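Below is one structure; the comments refer to it alone.
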Amino acid sequence: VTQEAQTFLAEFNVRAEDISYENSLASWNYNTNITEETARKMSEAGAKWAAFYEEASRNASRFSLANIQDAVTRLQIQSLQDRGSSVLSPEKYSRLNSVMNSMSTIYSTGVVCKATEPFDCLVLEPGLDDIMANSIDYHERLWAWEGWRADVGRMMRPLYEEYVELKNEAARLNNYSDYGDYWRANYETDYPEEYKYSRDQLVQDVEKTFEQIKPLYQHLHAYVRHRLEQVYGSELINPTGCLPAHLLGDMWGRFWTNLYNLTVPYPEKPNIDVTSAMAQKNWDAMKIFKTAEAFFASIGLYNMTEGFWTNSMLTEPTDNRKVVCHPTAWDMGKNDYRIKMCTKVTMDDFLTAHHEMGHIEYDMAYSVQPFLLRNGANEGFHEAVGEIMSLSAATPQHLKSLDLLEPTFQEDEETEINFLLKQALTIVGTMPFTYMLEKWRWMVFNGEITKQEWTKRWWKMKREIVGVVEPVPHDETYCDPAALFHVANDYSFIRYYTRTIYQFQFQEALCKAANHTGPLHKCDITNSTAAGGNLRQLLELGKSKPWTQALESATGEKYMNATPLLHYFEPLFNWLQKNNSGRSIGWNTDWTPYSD
Amino acid sequence: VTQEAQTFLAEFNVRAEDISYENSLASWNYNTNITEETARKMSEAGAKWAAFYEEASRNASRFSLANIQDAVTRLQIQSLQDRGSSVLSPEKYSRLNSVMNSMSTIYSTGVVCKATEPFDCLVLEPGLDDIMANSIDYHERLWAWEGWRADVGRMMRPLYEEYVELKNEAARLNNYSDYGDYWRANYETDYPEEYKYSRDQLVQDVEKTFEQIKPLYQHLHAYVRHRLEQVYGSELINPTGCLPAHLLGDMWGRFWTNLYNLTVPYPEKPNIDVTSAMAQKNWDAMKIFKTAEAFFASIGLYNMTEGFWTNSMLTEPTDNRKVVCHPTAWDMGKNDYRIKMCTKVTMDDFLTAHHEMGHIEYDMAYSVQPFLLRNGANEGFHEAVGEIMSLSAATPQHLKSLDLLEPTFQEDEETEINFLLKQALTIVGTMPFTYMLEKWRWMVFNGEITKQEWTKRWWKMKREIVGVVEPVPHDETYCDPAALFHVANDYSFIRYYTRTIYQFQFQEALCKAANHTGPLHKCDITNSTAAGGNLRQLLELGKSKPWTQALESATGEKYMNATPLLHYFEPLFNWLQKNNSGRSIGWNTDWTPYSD
Amino acid sequence: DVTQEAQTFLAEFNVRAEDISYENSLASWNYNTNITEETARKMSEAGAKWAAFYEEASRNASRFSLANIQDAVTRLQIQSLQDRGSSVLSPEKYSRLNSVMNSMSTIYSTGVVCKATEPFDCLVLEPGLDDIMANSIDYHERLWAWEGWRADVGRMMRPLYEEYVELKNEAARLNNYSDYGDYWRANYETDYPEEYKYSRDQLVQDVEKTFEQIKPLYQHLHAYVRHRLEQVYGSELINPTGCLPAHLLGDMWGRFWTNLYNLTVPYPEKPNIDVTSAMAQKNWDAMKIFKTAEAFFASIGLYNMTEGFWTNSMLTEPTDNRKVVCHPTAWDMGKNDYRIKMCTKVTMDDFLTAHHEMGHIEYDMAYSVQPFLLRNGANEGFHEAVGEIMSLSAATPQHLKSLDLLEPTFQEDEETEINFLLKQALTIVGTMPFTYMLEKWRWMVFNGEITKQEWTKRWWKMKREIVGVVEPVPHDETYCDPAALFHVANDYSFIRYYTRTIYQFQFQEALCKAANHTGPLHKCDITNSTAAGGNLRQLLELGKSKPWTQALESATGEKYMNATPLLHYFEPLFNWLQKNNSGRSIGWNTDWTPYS
Ligand SMILES: *[C@@H]1O[C@H](CO[C@@H]2O[C@@H](C)[C@@H](O)[C@@H](O)[C@@H]2O)[C@@H](O[C@@H]2O[C@H](CO)[C@@H](O)[C@H](O)[C@H]2NC(C)=O)[C@H](O)[C@H]1NC(C)=O
Ligand SMILES: *[C@@H]1O[C@H](CO[C@@H]2O[C@@H](C)[C@@H](O)[C@@H](O)[C@@H]2O)[C@@H](O[C@@H]2O[C@H](CO)[C@@H](O)[C@H](O)[C@H]2NC(C)=O)[C@H](O)[C@H]1NC(C)=O
Ligand SMILES: *[C@@H]1O[C@H](CO[C@@H]2O[C@@H](C)[C@@H](O)[C@@H](O)[C@@H]2O)[C@@H](O[C@@H]2O[C@H](CO)[C@@H](O)[C@H](O)[C@H]2NC(C)=O)[C@H](O)[C@H]1NC(C)=O
Ligand SMILES: *[C@@H]1O[C@H](CO)[C@@H](O[C@@H]2O[C@H](CO)[C@@H](O)[C@H](O)[C@H]2NC(C)=O)[C@H](O)[C@H]1NC(C)=O
Ligand SMILES: *[C@@H]1O[C@H](CO)[C@@H](O[C@@H]2O[C@H](CO)[C@@H](O)[C@H](O)[C@H]2NC(C)=O)[C@H](O)[C@H]1NC(C)=O
Ligand SMILES: *[C@@H]1O[C@H](CO)[C@@H](O[C@@H]2O[C@H](CO)[C@@H](O)[C@H](O)[C@H]2NC(C)=O)[C@H](O)[C@H]1NC(C)=O
Ligand SMILES: *[C@@H]1O[C@H](CO)[C@@H](O)[C@H](O)[C@H]1NC(C)=O
Ligand SMILES: *[C@@H]1O[C@H](CO)[C@@H](O)[C@H](O)[C@H]1NC(C)=O
Ligand SMILES: *[C@@H]1O[C@H](CO)[C@@H](O)[C@H](O)[C@H]1NC(C)=O
Ligand SMILES: *[C@@H]1O[C@H](CO)[C@@H](O)[C@H](O)[C@H]1NC(C)=O
C-alpha cells in the first residue's frame, strides 16, 4: 500500500518535473518575448501540465491515506489527490474555462473614454493607473474609477455569478463546503495533533489579529482623512465619515502609498531616497543584484547560480521585445532559478531586488525536499520571507554600510515618522482592504451574501470594515470585486494579509537572534549567520512540515500573531494618537458623498 | 640644452634608481610573502615611485627633444617625458585608480556557483580554470564559460567604459589620438633615420604578417574542428562553421594547448618524457637552474650572479608563507637579478627555467646602458628572447646531450608531427586570438567600435578573424574582453603577437650563425659561440637603438616577417594540407550553437 | 462657485479681443511692410486700443478666484488674462517705461560708428558693421566695429537701461513676482495638472544642470576654434590657453560662431554643401523654396498653406516699394490669417529659414482649434524648437540630394559628415553658453545679485567664466555692453534659444524613433513619414491647453529638458574634436586678456 504509493510517486515526480519544466520554459519565453507563437506555445505547454496533472490526481486518488505509513508520502499523496477543478464534467469544466478566460481578457483589454474632443479611450494600465496614483482632480479620479467599474465591472457580473456556481460546485465534490473552504485549506496543518489547524481557525485568526490591528489603522485612517480634507476641501471629505475609494492612491485603495506626498508628516525634512547616491556613482542593475547577493551571502545564505546570472531577465530587453515587467521570481525547476524584472536604478528597485532574490533563496533552500513539497509552508510564507529582506535592507544603518548614505543622515524623529508613515500607508492600509475583500468572497461562496445582496453587502462591508465609501451608488449591474485583477483571475487574496503578519513574526525572531537593542524599524539582520541559521532551517522545509511547526521553530509561536507587527509600528502609533487629538478616531457608516 | 638635460638626467638617474629599487624590494617582498604588512609596504613604495616619476616626468617635459643632439640623451629625456594617468586632473586620477582597482579586484575574487545542491562557489584561480583545461563536458565548460562572463564580464562593463573614457583623455593629454595610439608608442623608432617606424605602421604590419599566417591558422583550425567533432559530436560542432569559444582548452580559448590530448596526430607513438627521466635522475630545481646557466655559457654568454642564487625564490617555500607562483624574472635594479618561480621537476618547468633565465641574461647584457634605456628594444623582444631558448632546450639533440633522452632516441615523422602539432596549439592557436583581442581595444580607444556595438562587434570579430563562435547569445550588458586578466588589469597585449614573430626571426638568424642545416625545429644553439656573439650584441643594445636596427643587425631584416615562423611550422602544414583534404579549410561566420 | 461667471466673462472677452488684436496685427503688418509716418500713427493707435482693452480686461479678471474654477482649461485662460503685465504701474510710470523703451530701441536701429581718416564716413549694422564682423579677418578692423558699437550705442543705453530695470522691476513686484527675471521665468511654470508641474526656480537649476551636460562638448569646440584662430591671427593675439577675444567670433556679439566655418573647416579639400549655387543654376525663386518647404510639411502629414498665406505674405523684398522690416518672422495675425514676413534670397540659409518660419505657421494653423487665450506654444522655446527640427531634417545632405540640390554622385563620406557636423556646432553649440551666461546676467541684475556699480564688472567676469570669451579693450560702468544686443535693447527674453535648442533634439530623436531611421542622429530626415508627422500633429494641436512638461512626455517620452539627444546628435563631432585636440588644452585661463 505504502509500497505502491512510493512507487507511483517515484513515477509521477519524474514525468512531472520534466513536464512542468516545459511549462516554466514556455511561460518564460512568453513573458520575456510577447508574441503569438509564444502565446500558443504557452497554452500548448500549460495544457500538457493540466491533463497530466488531471489524470495523475485521479490515479493518486486511488490511494487511501489511512493505509500510508510515511508522514512524507501521506503529504505528497494527499496534495496530488486534489483534483481541484477536474472533478467536474468536461462540458461544465470548459464552461468554467471560457467564463474564467473571458473575465480575464475583459480585465486585460478594458478601457474608459473621455467625454469631449477625440473621445480618447484609456486603458487601466497605465492610463487609469496613472490618474489614480498622481491626480487630485476629484472628478477625474472619479472619472477613471466609476468608468472602470461601470464598463468593465458591469461586464463581469453575470460571468462571476456562473464562476461562483461552477467553482462552488466542483469544490463541494471535493468534500469542501464552498470554494472558500477550498482556499482556506491552504492553512490546514491537520496531521500532527500538537500542530493541528483547521480551515475554520483560519477565518477566526484572520479577524482576531485584524482586531489587534484595527486600532492602529483607525488612527492612520483618521490621519489620512484629515489631510485628505486639506486637498479636496470640506465639501468633499466628511471629517468624520468613510473615505471615498477614488481618493485612496491607486484604482481600488488596495494600497495608500501614493497618498504619501499628500500625507507626509514632516514635509520640510528630506527622505532616505538613495536613487540619488546610487546613481551619482555609475551604478547599474547587476550592482543592485550583486549587493542583494552579498546581503544573503552575509547571512550565510545561498549565492546565485550561474543559470541565475544568465537566464534571468534582470533589465528591460532594450528594444523590439515586449515584457511583463512586474517583478517576479521563478522556481522554474530542475534547478533553474531566474528573476523577471525591468530593473531601474532606483531605491524602490533596490529593495524590490532584495525581495525577489529572497524568493529564490527560499526556492533553492527547499530544493532538497521532494518535488511535491517544494513550496512555502503556506501561501503567505513566501511573501513574508521576501519582504523581511526589504525590511533590513531599507534601514539607514544598512544604507550607511553600503555607502549609499553619508554619516550626516540624522535619525531625526521627523524622518523616522516620515519613513514609518510611508510604510504604514502601504503595509497597514492594505490590511482592512485585503481582509474585507477576501471576506466578501468567502461570504459569497458561503452564501451568506446571496446573489441579490452582492453590491449591497460589498459596499456595506467596505464602509463598516475598511473605512471607505462609494462616491456614486452602484446597483447589482456592477461587480465591484471583479474590478480587481485577482478576483477576476481566480486568485486568492488573504495571503497578502498573512504575508504581513508573518513577516513581522519573522523579523522579530530574527532581530532577537542578533542581540538587537531597540526599535524594530531600525533592525538589520545582515552578517547575522545566526539569524540566517533559523532562516535557513525554515526555508529548506518548504511544505515538509506544518506551517505551525515552522512558525514556532523560527519564531517561538505556533500561530499567527499580529503583535510583532504592532511593535514595528509603535512609534508611529504613538504619533497618530498625539497628532489626531481633536479628531474622532473612527468613521460614520451613514455619510456618503451623495448624502453630503 | 644638451648639457642641462644631461645634468637633469644626472640627478634623476641616481634618485630614480634608488627609489624604484625600494619598490622592487617591496613588491618582491609581497610576492615571496603574501601577508598584510607586505602588500601595504608594497603600496607605500609604489606611491613614492609614482610621485617621483611624475615630478621627474614634469621636469623632462620642460625640455625640447629637437634641441638635444645626442640620440642617447634625446631618447632618455623622451621616455621620461611620458606620464599617462598622471596628466589627468588630481580628481580624475583617483577615478581612474578606483575604476581599475575595483576591476582588478573583481577579477581576482571572481567565482561561479552551481545549483546541483550545496550551491558551491568556485574561483577561477585553481578551479574554473581546471574545468576549462581538463574537460570534455560541453555543458560544464559552458557552465564555467557563460557563468564567468555573466558574473564578471558584466560586472566589469560599467567599469571598462569609464576606464576607456578617462584613459583616452590621458592619451590625448599626452598628444596621442587615443589610448591605442599611446600603447603603440613602444614601436615608434621615428627618431634615428633610415629606421623610422611609425605607430600606425605597426597596425598595418601586424595585419600584413597576420595574413601570412591565416593559411596555417585555418588548417590547424580545420583539423582540431574535426578532432572536436569526434569528442563532442556532429550536433555540437558545425563541420563548416566556427568553433564554440568554450571547447578550446582554457578559459578564453587563448592557447589551444590543453586540446592536444584530443587533437594529437599519432596517439599511439611516445612523447618526450624527460620528466620521469629527471625523476629517476634524482634531479632537483637547482640542477635544472644549473643546467640552464650551463646552457647560457655554451652560447658563449654569462653564468648567474651570486645575488641570483641567494635572492631568487626558485623552489616553492612550502606553504609556511604564501607566494605568487607565476614564474617571473625580476630585474630589481641596482645590480640585483632574481627569478621567482615555483619550480618542480616538469619538462615544462625545465623549459621555463631556461626561458626565465633568458630574461635575466637580457637584463644583464644591457645593464651597461643608462637606467632609462635599460630595457628591451621593444615589448616584443624580451618575451621572444626567452622563447628562442626553450626552443633550443627541448630539441632531442639537447635532451640526449643531458642524458635525459635514450642514447638511441628516434625522430620519425610521427613524433616530430605530434611535437610540432602540440607546439602549434601553444604558438599558432593564440596568434589570431591575440591579433583580434588587441584590434578590438584599438578600435574602441580609436572610436571605430561604439559602446552600442561593443560586444556585437566583439563576437563578430571573434568569428571572422578567429573562427570562433559564442555558445550563448551575449548582449550589451557583458564586457567579454574584461573577463580576461590582461584586459581588466590594463595591460597591452599585442606583445604576445610581436613576440611570436620575433622569436622565429631570431632563431633562424642564430641557426644560420650556428651553421644549422635542415629543419629549423631541430635546431640547437648550444656550444655555439657565433650565435651568442650575435645575441650579445643585440642584447646589450637595450632600447638604445631603434628596434629596427637591432632586429636588422642580428637577423638582417629590419621589420617583422611572419616567414621564419612559417618555416618552423612547415612539416606540420604539409601534414595538415593532406590530413584536411576531406575537410573544408574555412568557417561560416553565420552558424551558431543557438541558431537551430 | 465661479467657473460659470468666469466662462461668461471669457466669451464676452474673446469676441471683442480677437476683434481688436486682429486690428493690432493689421496695423503693424502694414507698418513692417510699409514704413511711412501714417503707418507709424496707425500702428500706435492700434497698439494703444489693445493696451486699453488689456488694462481694462485684466482688471475685470483680477476678481476671479482661480481655485474656485473647475476646468483646468477655463482656469488657464483666466490665469493668463489675470496678468496686468506692465499695465499695473501708474499712468506716469507706464509712459515713462514706454518712452525709455522706444529710445533704447531707436538708438539700436540708428546707431553708427564712423571711420577716423578721410571724410569720416559712418557705418550701420545691417549692411555695414555686420559684414565686417562676418567677413573680416583684419584684427584692428574688427576691433573698430566691435569697440565702436559699445562706446557709441552701448553707452547711449546705460542710463536708459538702469531706468528700465527699476521700472520693469516695480511692475514685477506689483504683479506678485520677485524681480522682472521671475516675471519672465513664468513661461515655464506649469502647475495645474499635479502630475506635471514646474516652478520658476526649477528652470534656473535645470538650465544649469543641462549646461554642465554640454560644457565638455562646447569646450572641445571652443578649443578647436581657438587653435584655428591662432593659425590666422598668430600666437600673440590669440592665447592658446585663454579666452578668445570677443570681436573675432562671427558676428557683433558671438551670438553665433557660424561665419568662422571658413576659418575652422575640418577638411577643406572636400566639395562644399552650400546649395546656393545649385539653386542658382536650376533658377529658383523664393516661391520654389516656400513650395518645397510646404511640400515637406505636406510630406509629413502637416498642412499646405492657406490662400490668405500666399496672397498676404511678403516673402520677397518689395522691389520699388517703400521700406521694410526684413528679419524673418511668421505672423499669426488673427481670424485665421497666417503670413510670413521675409526678404528671402536664393540662398540656402533662407531655404532653411523658410522651413523654420513656415514651422511657426504650422504650429499656428494647428492650435487654431484652441481657444484664443490658449493659442501659443506651451512655452517660449517650444515654438522656436518646432521650426528648428524642421530645419534639421531639411539640412541633411540626404534631404538635400533628394531635391537634386546635391549631385546624385555625392560621396557622403565621414569627412563631409564631420564637415557638416562642425558647421552645425558653430551655429548651435556656440550659442548656448552665449545665451545662458547672458540670461544668467540678466536674471542676476534683476535679482540684485549684480548691483548697478558692477553691471559691466560682472558681465565680463561671466564672459570669462561661462563662455571663454574675453574683451579686447577694458570697459567700465559707463558702458552697458549687453544692451548692444537687439533682444536686450528691445526687452526680449533670451533663455528661449537655450531651451529651444534643447527641445529640438528631444523632438528630433522622438520623431526619428517614429520615422524608422537608425544610425547617427545627424543623418535623420523625417520626410514622407506620415507617422512622424502625426505625432507632431498631436503635439502641435495642443497649444497651451496642457502643461509643457506633459507635452514633452507625450511627444518625446520625457517631462524635463534633456541635453542628451543633443549629445547624441553631435556625438561624432565630439569624438573627432577630442582626437584633433591632442597636444592642446580643453579650457581657458580667465586671467589673460589682450591688454593685460
Ligand atoms: C558567495 O560567494 C563569495 C564570493 O563571491 C563574491 O562575489 C562578489 C559579488 C563580491 O561580493 C566578492 O567579494 C565575493 O568574492 C564566496 O566568498 C569567496 O569564496 C572563495 C571560494 O570559496 C574564496 O576563495 C574567496 O576568498 C572568498 N571571497 C572573499 C572576499 O573572502 C562565498 O563563500 C560564497 N558563499 C556562498 C554561501 O556561496
Ligand atoms: C661559468 O662557470 C664555470 C665554472 O662553474 C661551473 O659551475 C657548474 C655549473 C659546473 O657544472 C661547471 O660548468 C662549472 O663548474 C667557469 O668555468 C671554469 O673556469 C675556471 C676559471 O676560469 C677554469 O679553470 C675551469 O676549467 C672552468 N670549468 C669548466 C668546466 O670549464 C666559466 O668561466 C663560467 N662562465 C662565465 C661566463 O663566467
Ligand atoms: C497639399 O497639396 C497637395 C497637392 O500639392 C500640389 O502638388 C504637389 C506635387 C506639390 O507640388 C504641391 O506644392 C502642389 O500644390 C495635395 O495632394 C493632392 O491631394 C488631392 C486629395 O488628397 C488629390 O486628389 C491629388 O491627387 C493630390 N495631388 C497630387 C499631386 O498628388 C495634398 O493632399 C495637400 N495636403 C494637405 C492638404 O495636407
Ligand atoms: C611575512 O611578513 C610578515 C609581516 O610583514 C612578517 O611578520 C613580521 O615579523 C616581524 C619580525 O619577525 C615582526 O616584528 C612583525 O610584527 C611581523 N608582522 C606580522 C604581521 O606578523 C613575517 O616575518 C614574514 N615572513 C617571512 C617568512 O619572512
Ligand atoms: C625640477 O626643476 C625644479 C626647478 O629647478 C626643481 O625645483 C627645486 O627642487 C629642489 C630640490 O628638489 C627644492 O629644494 C626647491 O624648493 C625646488 N624649487 C623650485 C622653484 O621648484 C625640482 O627639484 C626639479 N625636479 C626634478 C625631479 O628634477
Ligand atoms: C593529457 O593526458 C595526460 C595523460 O593522459 C595527462 O598527464 C597527467 O598530467 C598531470 C598534470 O599535468 C600529471 O601530474 C600526471 O602525472 C600526468 N599523467 C601521466 C600518466 O603522466 C594530462 O593531464 C592530460 N592533459 C589534459 C589537459 O587533460
Ligand atoms: C520571439 O518570438 C518570435 C516568434 O515567436 C521569434 O521569431 C523571435 O525570434 C523570438 N525572439 C527571441 C526568442 O528572442
Ligand atoms: C504706404 O503708406 C502710405 C501712407 O500711409 C500710403 O499712401 C501708401 O499707399 C502705402 N503703400 C502700400 C503699398 O501700402
Ligand atoms: C470690464 O467691465 C466693464 C464694466 O461693466 C465693461 O463695460 C467692459 O466691457 C469690461 N471689459 C472687458 C471685459 O474687457
Ligand atoms: C602633437 O605632436 C605632433 C608631433 O610633433 C605635432 O606634430 C602636433 O602638432 C602636436 N599637436 C599639438 C596640438 O601640439
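Residue numbers (full-length UniProt numbering), protein chains in the order written: chain A, 20 to 615; chain B, 20 to 615; chain C, 19 to 614.
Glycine is no exception: its CB is placed at the ideal position from the N, C-alpha and C atoms.
What residues of chain B sit near residue i, judged by a beta carbon separation below 8 Å?
i               : result
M383 of chain A : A134, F138
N593 of chain C : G466
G601 of chain C : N194
So, is residue i buried or exposed, given that buried needs 16 or more other C-beta atoms within 10 angstroms?
i               : result
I155 of chain C : exposed
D338 of chain C : exposed
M305 of chain B : exposed
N397 of chain A : buried
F138 of chain A : exposed
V33 of chain A  : exposed
Along chain A, in chain order, which residues have C-beta atoms closer than 9 Å to that of residue i?
i               : result
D499 of chain B : The premise fails here: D499 of chain B is roughly 13 Å from chain A at the closest Cβ pair, so nothing lies under 9 Å.
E181 of chain B : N301
List the residues of chain A whose Cβ lies closer than 7 Å to the Cβ of residue i, in chain order.
i               : result
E212 of chain C : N153, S154, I155
Strictly below 9 Å CB to CB, what residues from chain B border residue i?
i              : result
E41 of chain A : Under the 9 Å cutoff, chain B gives no residues; its nearest Cβ is about 18 Å from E41 of chain A.
Residues of chain A with CB closer than 8 Å to the CB of residue i, please, in chain order.
i               : result
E472 of chain B : Those within 8 Å of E472 of chain B in chain A number zero; the least Cβ separation is about 12 Å.
Against residue i, what residues of chain C qualify as contacts under a CB-to-CB distance less than 8 Å, listed in chain order?
i               : result
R191 of chain B : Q596, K597, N599, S600
Would you call the region 487-499 of chain A and the region 369-383 of chain A touching, i.e. three or more CB-CB distances under 8 Å?
-> no
Give, in chain order, every unbroken run of the beta strand (DSSP E) that is at least 3 residues long and sits entirely within the region 116-203 of chain B.
-> 130-132, 140-142
Are three or more beta carbon pairs between the region 317-330 of chain A and the region 536-546 of chain A nearer than 8 Å?
-> yes
Any 3 or more C-beta pairs closer than 8 Å across the region 339-358 of chain A and the region 523-530 of chain A = no
When you check each C-beta in the region 295-329 of chain A against every C-beta of chain B, which residues fall closer than 7 Å?
-> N301, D303, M305, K309, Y321, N322, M323, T324, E325, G326, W328, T329
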